[PDB]
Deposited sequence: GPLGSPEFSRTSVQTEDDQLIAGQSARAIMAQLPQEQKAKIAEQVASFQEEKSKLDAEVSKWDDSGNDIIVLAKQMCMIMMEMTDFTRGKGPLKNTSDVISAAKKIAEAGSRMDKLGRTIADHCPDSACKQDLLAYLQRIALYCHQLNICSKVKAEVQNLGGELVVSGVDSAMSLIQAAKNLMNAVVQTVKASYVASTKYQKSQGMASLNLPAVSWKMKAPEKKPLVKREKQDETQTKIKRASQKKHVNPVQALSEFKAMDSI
């Protein structure tokens, strides 16, 4: 069942590690773009103490699984086969579903309409990009006929996966910010500065 999922006879991560430099460089540019969004999330969560704030806890744990996926597109990290990437997406979607519950509780107890709506829209983005990560995690690198050779291309699947993670990262940042704001207009979530 491991050899069910090989591409051209090798593990998915091994294929990413052997992609031609041009593909690897296009992937690296997306990864660097991803690290900018991770920078915004690190700066936001570092404002808050994670005791009694599972939103912050879940944000950090979603971010750390996305880094495993980001590493996978470079042929590194713990995710070896497609099934591992799928399962990592699944964990992220679970954490997002838990973040969405907490966030909706905060929203319902908020009577500031514009703050309510902003929070709820960011929680839709969490759902959207958790789904997108699930979808993108099932797209394997592909084999293409080019000039009488069979060549491996994984750049498109890697970049779509990274792009979904970038967007999810941004949705988490907005959700953290908007959850704190909505709370100050009211709690299972304590917003203690660090």
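For this chain, the deposited residues without C-alpha positions form the stretches 1-14, 201-211, 220-263, given in sequence order.
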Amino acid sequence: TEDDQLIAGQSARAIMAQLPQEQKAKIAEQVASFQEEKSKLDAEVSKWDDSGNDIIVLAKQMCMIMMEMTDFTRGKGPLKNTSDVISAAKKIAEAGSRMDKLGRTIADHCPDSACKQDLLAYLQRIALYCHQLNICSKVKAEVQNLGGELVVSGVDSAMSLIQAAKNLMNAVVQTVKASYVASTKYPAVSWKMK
From here on, numbers count along this sequence of modelled residues.
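Look at the C-alpha B-factors of 45-53 and of 63-71. On average they run higher in 45-53. Taking the mean C-alpha B-factor of each stretch as recorded, 103-111 and 73-81 are not equal, and the higher mean is that of 103-111. The entry lists a Cα temperature factor for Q144 that places it in the middle third of the chain's modelled residues. In this PDB entry, the Cα temperature factor of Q21 sits in the middle third of its chain's modelled residues. In the PDB entry, a CA B factor belonging to the lowest third of its chain's modelled residues is recorded for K177.
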